[PDB]
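Enquirer: There's a structure below that I have some questions on.
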Amino acid sequence: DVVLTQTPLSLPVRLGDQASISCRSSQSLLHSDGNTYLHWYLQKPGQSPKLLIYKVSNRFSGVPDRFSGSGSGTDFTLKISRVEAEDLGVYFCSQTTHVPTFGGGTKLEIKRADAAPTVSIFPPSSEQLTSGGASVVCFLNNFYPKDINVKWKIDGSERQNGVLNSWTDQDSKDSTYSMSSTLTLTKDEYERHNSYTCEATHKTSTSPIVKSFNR
Amino acid sequence: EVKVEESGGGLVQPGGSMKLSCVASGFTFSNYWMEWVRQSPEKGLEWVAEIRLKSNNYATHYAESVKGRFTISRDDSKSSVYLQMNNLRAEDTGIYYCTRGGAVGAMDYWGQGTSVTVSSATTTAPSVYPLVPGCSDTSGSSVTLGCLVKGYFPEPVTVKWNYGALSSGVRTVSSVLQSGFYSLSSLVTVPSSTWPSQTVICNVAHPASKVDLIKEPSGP
């Protein structure tokens, strides 16, 4: 197989700066017709990958000139001069000079100014009690950087089990993440306690962000 | 403006079959080659098959790992290409993209794509709960609501608000498989005055069980 190896895997970038991904194959991509068939595709969050550069360095219609391609030997490179919010995504590089194969990928990640998280809490909805479990959600919205720790305190004594956290992707218009902390206790459980409290602790602060409710 | 759309995915047992339909519109469907590429969360992006023009003697080419299991056909009259899939192994899982092989020797236009899950587990439609304030003081952008899609299978499920006429402020975390059940969240923020005097609804669709959903968060 024609093995392609992209580097790096994750690459942070400040707006306006330059950005470079390297794609190198396990072998030459020189077609007999003297044409190297190396291409770069951009697949943004939840979308269909798109063609950006074809035949080593040719731009596809509609694709800005900020995107430049080049190659030499078995080493090819894509450059995103003047980065933008919309430019976030996994950049692909594929060869079709033989049995078509693709490259691992690279997650271009916009790196912006820190931002504090806005925290909201939600008590379970009666519509869920009959399931035998009650979920309490803590939602941190519009924060940056990606990192952050959340904590659940039930009637005071912190709780660690039953916690499941998942993050969104990088918003393409403010480049800020959001995430949700889901605490799922059993029906009888969630009912033997009256004060539910999550406490977020992001970099844009030291005193944690306390937000809670009482049944 | 060119456009392409796949279809026909869902859960399959180790061992069965399935077929996928691709409709292309915007270009002379007959003057091009068509491809099928799948994307597995392991083998990453992987090419499967390619079909060619009439004069091309409608020739096929199957990725060595799919020879005699899959079959690609086409019909210029209705402008469509098909991917017969038989003997689906867990490996065959992943999303499937229908693309066009432009003059440029590269797959230029891609479809939205379509999931395909090969497993012995059985479908289970999502369960949606209302995420509403929880009775508090206004101190967090001006009101946030949500739908807690839980215990469903397989992926994915697509949330949308007010039928898709609400895109700004939308926020959807990712799937988190646990207990064999995917679960995500989707919340949207709105001006505390445009609620609850206004109608807010999420549209949780779960393609595997073909079950769109229409719930509406209201002040409890």
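Simple scheme: letters A, B, ... for chains in structure tokens order, numbers from 1 for residues in each chain, numbers from 1 for ligands in the order shown.
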At a cut-off of 8 Å, list the chain A residues touching chain B, using only C-alpha atoms, as a ChimeraX atom specification.
Expert: /A:37,39,47-51,54-55,96,99-104,118-125,127-128,166-169,178-180,213
Enquirer: Any chance you can output those residues with N, CA and C atoms as an mmCIF file, in the first residue's frame?
Expert:
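Once written, selection_18.cif looks like this:
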```
data_model
loop_
_atom_site.group_PDB
_atom_site.id
_atom_site.type_symbol
_atom_site.label_atom_id
_atom_site.label_comp_id
_atom_site.auth_asym_id
_atom_site.auth_seq_id
_atom_site.Cartn_x
_atom_site.Cartn_y
_atom_site.Cartn_z
ATOM 1 N N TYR A 37 0.109 13.012 -8.621
ATOM 2 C CA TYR A 37 -1.264 13.220 -8.178
ATOM 3 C C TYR A 37 -1.439 13.338 -6.668
ATOM 4 N N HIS A 39 -2.956 15.446 -3.415
ATOM 5 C CA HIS A 39 -3.986 16.415 -3.083
ATOM 6 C C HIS A 39 -4.225 16.618 -1.593
ATOM 7 N N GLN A 47 -18.652 17.982 8.538
ATOM 8 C CA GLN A 47 -18.913 18.230 7.126
ATOM 9 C C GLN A 47 -18.156 17.300 6.191
ATOM 10 N N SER A 48 -18.494 17.386 4.912
ATOM 11 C CA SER A 48 -17.865 16.555 3.891
ATOM 12 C C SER A 48 -16.521 17.162 3.515
ATOM 13 N N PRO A 49 -15.449 16.348 3.530
ATOM 14 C CA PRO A 49 -14.149 16.914 3.176
ATOM 15 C C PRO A 49 -14.248 17.585 1.819
ATOM 16 N N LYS A 50 -13.469 18.641 1.621
ATOM 17 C CA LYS A 50 -13.470 19.353 0.356
ATOM 18 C C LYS A 50 -12.089 19.342 -0.279
ATOM 19 N N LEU A 51 -12.056 19.538 -1.590
ATOM 20 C CA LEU A 51 -10.797 19.586 -2.316
ATOM 21 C C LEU A 51 -10.230 21.004 -2.247
ATOM 22 N N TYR A 54 -4.989 20.330 -5.853
ATOM 23 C CA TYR A 54 -4.850 19.170 -6.713
ATOM 24 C C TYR A 54 -3.575 19.244 -7.555
ATOM 25 N N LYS A 55 -3.042 18.068 -7.872
ATOM 26 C CA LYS A 55 -1.817 17.928 -8.642
ATOM 27 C C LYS A 55 -0.674 18.686 -8.011
ATOM 28 N N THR A 96 -3.437 9.767 -5.478
ATOM 29 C CA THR A 96 -4.222 8.966 -6.402
ATOM 30 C C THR A 96 -3.312 8.601 -7.556
ATOM 31 N N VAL A 99 -3.005 2.956 -6.221
ATOM 32 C CA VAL A 99 -4.272 2.610 -5.612
ATOM 33 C C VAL A 99 -4.424 3.747 -4.620
ATOM 34 N N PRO A 100 -5.406 4.628 -4.846
ATOM 35 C CA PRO A 100 -5.688 5.793 -4.002
ATOM 36 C C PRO A 100 -5.686 5.506 -2.509
ATOM 37 N N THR A 101 -4.888 6.279 -1.774
ATOM 38 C CA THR A 101 -4.809 6.142 -0.329
ATOM 39 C C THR A 101 -4.796 7.531 0.304
ATOM 40 N N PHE A 102 -5.194 7.605 1.569
ATOM 41 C CA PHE A 102 -5.275 8.888 2.271
ATOM 42 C C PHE A 102 -4.306 9.016 3.431
ATOM 43 N N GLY A 103 -4.172 10.240 3.928
ATOM 44 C CA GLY A 103 -3.278 10.491 5.041
ATOM 45 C C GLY A 103 -4.015 10.699 6.350
ATOM 46 N N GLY A 104 -3.390 10.249 7.442
ATOM 47 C CA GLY A 104 -3.969 10.371 8.770
ATOM 48 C C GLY A 104 -4.762 11.645 8.979
ATOM 49 N N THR A 118 -19.302 30.474 30.837
ATOM 50 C CA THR A 118 -20.525 30.900 31.469
ATOM 51 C C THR A 118 -21.144 29.583 31.922
ATOM 52 N N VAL A 119 -21.433 29.482 33.218
ATOM 53 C CA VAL A 119 -21.990 28.255 33.768
ATOM 54 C C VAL A 119 -23.473 28.276 34.136
ATOM 55 N N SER A 120 -24.179 27.239 33.689
ATOM 56 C CA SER A 120 -25.604 27.051 33.966
ATOM 57 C C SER A 120 -25.821 25.610 34.432
ATOM 58 N N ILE A 121 -26.801 25.418 35.309
ATOM 59 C CA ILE A 121 -27.088 24.090 35.835
ATOM 60 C C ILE A 121 -28.543 23.720 35.557
ATOM 61 N N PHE A 122 -28.800 22.427 35.373
ATOM 62 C CA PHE A 122 -30.152 21.955 35.083
ATOM 63 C C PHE A 122 -30.584 20.777 35.946
ATOM 64 N N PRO A 123 -31.688 20.931 36.681
ATOM 65 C CA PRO A 123 -32.117 19.807 37.506
ATOM 66 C C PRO A 123 -32.766 18.768 36.596
ATOM 67 N N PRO A 124 -32.832 17.500 37.042
ATOM 68 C CA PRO A 124 -33.462 16.488 36.193
ATOM 69 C C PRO A 124 -34.914 16.895 35.883
ATOM 70 N N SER A 125 -35.503 16.295 34.851
ATOM 71 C CA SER A 125 -36.890 16.600 34.493
ATOM 72 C C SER A 125 -37.749 15.375 34.815
ATOM 73 N N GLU A 127 -39.759 13.891 33.591
ATOM 74 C CA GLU A 127 -39.867 13.015 32.433
ATOM 75 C C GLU A 127 -38.763 11.979 32.383
ATOM 76 N N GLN A 128 -37.882 11.982 33.366
ATOM 77 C CA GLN A 128 -36.776 11.047 33.341
ATOM 78 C C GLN A 128 -36.738 10.114 34.539
ATOM 79 N N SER A 166 -18.249 15.644 28.277
ATOM 80 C CA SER A 166 -17.964 15.611 26.848
ATOM 81 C C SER A 166 -17.887 17.059 26.391
ATOM 82 N N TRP A 167 -17.069 17.310 25.366
ATOM 83 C CA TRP A 167 -16.858 18.661 24.829
ATOM 84 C C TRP A 167 -17.449 18.859 23.433
ATOM 85 N N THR A 168 -17.638 20.114 23.035
ATOM 86 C CA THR A 168 -18.151 20.408 21.700
ATOM 87 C C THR A 168 -16.896 20.519 20.841
ATOM 88 N N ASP A 169 -17.010 21.123 19.665
ATOM 89 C CA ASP A 169 -15.831 21.298 18.828
ATOM 90 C C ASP A 169 -15.480 22.778 18.884
ATOM 91 N N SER A 178 -17.099 24.638 24.545
ATOM 92 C CA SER A 178 -18.189 24.534 25.506
ATOM 93 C C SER A 178 -18.196 23.056 25.865
ATOM 94 N N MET A 179 -18.677 22.718 27.053
ATOM 95 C CA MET A 179 -18.735 21.312 27.428
ATOM 96 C C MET A 179 -19.852 21.081 28.424
ATOM 97 N N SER A 180 -20.156 19.814 28.677
ATOM 98 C CA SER A 180 -21.230 19.469 29.595
ATOM 99 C C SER A 180 -20.825 18.443 30.641
ATOM 100 N N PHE A 213 -28.307 24.378 42.780
ATOM 101 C CA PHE A 213 -29.747 24.459 43.005
ATOM 102 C C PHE A 213 -30.140 23.558 44.162
#
```
Enquirer: Got a sec: who's within 12 Å of residue 77 of chain A, counting only C-alpha atoms, leaving out chain neighbours fewer than 6 positions off, as a PyMOL selection string?
Expert: chain A and resi 5-8+19-25+38-40+53+56-57+67-71+91-93
Enquirer: Could you take the residues named above and write them with N, CA, C and O atoms, as a CSV table (one decimal), in the first residue's frame?
Expert:
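Saved the output as again.csv:
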```csv
chain,number,residue,atom,x,y,z
A,5,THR,N,2.0,9.6,5.7
A,5,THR,CA,2.2,10.0,7.1
A,5,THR,C,2.1,11.5,7.3
A,5,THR,O,3.0,12.2,6.8
A,6,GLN,N,1.0,12.0,7.9
A,6,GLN,CA,0.9,13.4,8.1
A,6,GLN,C,1.5,13.8,9.4
A,6,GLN,O,1.4,13.1,10.4
A,7,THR,N,2.1,15.0,9.5
A,7,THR,CA,2.7,15.6,10.7
A,7,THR,C,2.5,17.1,10.7
A,7,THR,O,2.7,17.8,9.7
A,8,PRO,N,2.1,17.7,11.8
A,8,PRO,CA,1.9,17.0,13.1
A,8,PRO,C,0.5,16.4,13.1
A,8,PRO,O,-0.1,16.2,12.0
A,19,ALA,N,0.7,28.6,8.9
A,19,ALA,CA,0.4,27.2,9.4
A,19,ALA,C,0.9,26.3,8.3
A,19,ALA,O,0.8,26.5,7.1
A,20,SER,N,1.6,25.2,8.8
A,20,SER,CA,2.1,24.2,7.8
A,20,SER,C,1.9,22.8,8.2
A,20,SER,O,2.2,22.4,9.3
A,21,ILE,N,1.4,22.0,7.2
A,21,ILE,CA,1.2,20.6,7.5
A,21,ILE,C,2.1,19.9,6.5
A,21,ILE,O,2.3,20.3,5.3
A,22,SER,N,2.8,18.8,6.9
A,22,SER,CA,3.6,18.1,6.0
A,22,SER,C,3.0,16.7,5.7
A,22,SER,O,2.6,16.0,6.6
A,23,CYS,N,3.0,16.3,4.4
A,23,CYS,CA,2.5,15.0,4.0
A,23,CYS,C,3.7,14.3,3.2
A,23,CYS,O,4.2,14.8,2.2
A,24,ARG,N,4.1,13.1,3.7
A,24,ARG,CA,5.1,12.4,3.0
A,24,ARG,C,4.7,10.9,2.8
A,24,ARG,O,4.3,10.3,3.8
A,25,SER,N,4.8,10.4,1.6
A,25,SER,CA,4.5,9.1,1.2
A,25,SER,C,5.6,8.0,1.4
A,25,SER,O,6.8,8.4,1.6
A,38,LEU,N,-0.9,14.4,-6.1
A,38,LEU,CA,-1.0,14.6,-4.6
A,38,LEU,C,-2.0,15.7,-4.3
A,38,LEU,O,-2.0,16.8,-4.9
A,39,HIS,N,-3.0,15.4,-3.4
A,39,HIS,CA,-4.0,16.4,-3.1
A,39,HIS,C,-4.2,16.6,-1.6
A,39,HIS,O,-4.0,15.7,-0.8
A,40,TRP,N,-4.7,17.8,-1.3
A,40,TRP,CA,-5.0,18.2,0.1
A,40,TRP,C,-6.5,18.5,0.2
A,40,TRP,O,-7.1,19.3,-0.5
A,53,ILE,N,-6.3,21.5,-2.8
A,53,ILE,CA,-5.2,21.5,-3.8
A,53,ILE,C,-5.1,20.2,-4.5
A,53,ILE,O,-5.1,19.1,-3.9
A,56,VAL,N,-0.3,18.3,-6.8
A,56,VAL,CA,0.8,18.8,-6.0
A,56,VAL,C,0.6,20.2,-5.5
A,56,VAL,O,0.9,20.5,-4.3
A,57,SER,N,0.2,21.1,-6.4
A,57,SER,CA,0.1,22.5,-5.9
A,57,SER,C,-0.9,23.4,-6.6
A,57,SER,O,-0.8,24.6,-6.5
A,67,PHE,N,-4.0,29.5,0.6
A,67,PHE,CA,-3.6,28.1,0.6
A,67,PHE,C,-2.7,27.9,-0.5
A,67,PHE,O,-3.0,28.1,-1.6
A,68,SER,N,-1.5,27.4,-0.1
A,68,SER,CA,-0.4,27.1,-1.1
A,68,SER,C,0.1,25.7,-0.9
A,68,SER,O,0.2,25.2,0.3
A,69,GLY,N,0.4,25.0,-2.0
A,69,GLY,CA,0.9,23.7,-1.9
A,69,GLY,C,2.3,23.6,-2.6
A,69,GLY,O,2.6,24.5,-3.4
A,70,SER,N,3.0,22.6,-2.3
A,70,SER,CA,4.3,22.4,-2.9
A,70,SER,C,4.8,21.0,-2.6
A,70,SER,O,4.3,20.3,-1.6
A,71,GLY,N,5.8,20.5,-3.3
A,71,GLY,CA,6.3,19.2,-3.1
A,71,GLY,C,7.7,19.0,-3.6
A,71,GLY,O,8.1,19.9,-4.4
A,91,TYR,N,-7.1,18.7,8.1
A,91,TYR,CA,-6.6,18.8,6.8
A,91,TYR,C,-6.0,17.5,6.3
A,91,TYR,O,-5.1,16.9,6.9
A,92,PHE,N,-6.6,17.0,5.2
A,92,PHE,CA,-6.1,15.8,4.6
A,92,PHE,C,-5.3,15.9,3.4
A,92,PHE,O,-5.3,17.0,2.7
A,93,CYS,N,-4.5,14.9,3.1
A,93,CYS,CA,-3.6,14.8,2.0
A,93,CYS,C,-3.7,13.4,1.5
A,93,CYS,O,-3.5,12.4,2.2
```
Enquirer: If we count only C-alpha atoms and set the cut-off at 9 Å, which residues sit around residue 122 of chain B, ignoring sequence neighbours fewer than 5 positions away in its own chain? Please answer as a PyMOL selection string.
Expert: chain B and resi 11-13+153-154
Enquirer: Just to be explicit: take each residue in the selection above, keep C-alpha atoms, and write the result as a PDB file, in the first residue's frame.
Expert:
```
ATOM      1  CA  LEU B  11     -27.259  -1.277  11.762  1.00  0.00           C
ATOM      2  CA  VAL B  12     -26.493  -4.713  10.224  1.00  0.00           C
ATOM      3  CA  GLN B  13     -25.608  -7.987  11.823  1.00  0.00           C
ATOM      4  CA  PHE B 153     -27.767   3.177  19.302  1.00  0.00           C
ATOM      5  CA  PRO B 154     -26.107   3.257  16.884  1.00  0.00           C
TER       6      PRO B 154
END
```
Enquirer: May I have the residues within 7 Å of segment 197-208 of chain A as a ChimeraX atom specification, using only C-alpha atoms and disregarding those fewer than 5 positions away in the same chain?
Expert: /A:114-116,138,148-154,213
Enquirer: With N, CA and C atoms kept, could you save the residues just selected as a PDB file, in the first residue's frame?
Expert:
```pdb
ATOM      1  N   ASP A 114      -7.815  33.911  25.865  1.00  0.00           N
ATOM      2  CA  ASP A 114      -8.555  33.154  26.851  1.00  0.00           C
ATOM      3  C   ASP A 114      -9.943  33.763  26.980  1.00  0.00           C
ATOM      4  N   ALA A 115     -10.882  32.955  27.446  1.00  0.00           N
ATOM      5  CA  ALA A 115     -12.249  33.400  27.628  1.00  0.00           C
ATOM      6  C   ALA A 115     -12.786  32.612  28.801  1.00  0.00           C
ATOM      7  N   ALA A 116     -13.583  33.261  29.637  1.00  0.00           N
ATOM      8  CA  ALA A 116     -14.151  32.595  30.799  1.00  0.00           C
ATOM      9  C   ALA A 116     -15.405  31.844  30.378  1.00  0.00           C
ATOM     10  N   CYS A 138     -24.318  20.274  34.073  1.00  0.00           N
ATOM     11  CA  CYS A 138     -23.582  21.505  34.355  1.00  0.00           C
ATOM     12  C   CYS A 138     -23.011  21.833  32.971  1.00  0.00           C
ATOM     13  N   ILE A 148      -9.976  22.252  31.227  1.00  0.00           N
ATOM     14  CA  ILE A 148     -10.803  22.676  32.352  1.00  0.00           C
ATOM     15  C   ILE A 148     -11.321  21.510  33.188  1.00  0.00           C
ATOM     16  N   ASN A 149     -11.440  21.745  34.493  1.00  0.00           N
ATOM     17  CA  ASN A 149     -11.911  20.739  35.437  1.00  0.00           C
ATOM     18  C   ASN A 149     -13.242  21.122  36.039  1.00  0.00           C
ATOM     19  N   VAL A 150     -14.117  20.130  36.209  1.00  0.00           N
ATOM     20  CA  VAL A 150     -15.430  20.362  36.810  1.00  0.00           C
ATOM     21  C   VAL A 150     -15.589  19.495  38.066  1.00  0.00           C
ATOM     22  N   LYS A 151     -16.418  19.932  39.010  1.00  0.00           N
ATOM     23  CA  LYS A 151     -16.591  19.152  40.226  1.00  0.00           C
ATOM     24  C   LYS A 151     -17.992  19.159  40.827  1.00  0.00           C
ATOM     25  N   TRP A 152     -18.458  17.977  41.223  1.00  0.00           N
ATOM     26  CA  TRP A 152     -19.780  17.817  41.805  1.00  0.00           C
ATOM     27  C   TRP A 152     -19.813  17.591  43.316  1.00  0.00           C
ATOM     28  N   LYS A 153     -20.569  18.437  44.006  1.00  0.00           N
ATOM     29  CA  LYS A 153     -20.711  18.332  45.446  1.00  0.00           C
ATOM     30  C   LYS A 153     -22.175  18.156  45.790  1.00  0.00           C
ATOM     31  N   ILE A 154     -22.501  17.000  46.355  1.00  0.00           N
ATOM     32  CA  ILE A 154     -23.877  16.677  46.725  1.00  0.00           C
ATOM     33  C   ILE A 154     -24.065  16.817  48.238  1.00  0.00           C
ATOM     34  N   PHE A 213     -28.307  24.378  42.780  1.00  0.00           N
ATOM     35  CA  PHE A 213     -29.747  24.459  43.005  1.00  0.00           C
ATOM     36  C   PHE A 213     -30.140  23.558  44.162  1.00  0.00           C
TER      37      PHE A 213
END
```
Enquirer: Rank B:199, B:55, B:87, B:194 by their smallest atom-to-atom distance to residue 142 of chain B, using only C-alpha atoms, and report the top residue only.
Expert: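 Going through B:199, B:55, B:87, B:194 one by one, the smallest distance to residue 142 of chain B is for B:194.
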Enquirer: One decimal, Å: what's the distance from atom CA of residue 82 of chain B over to atom CA of residue 66 of chain B, could you say?
Expert: 14.8 Å
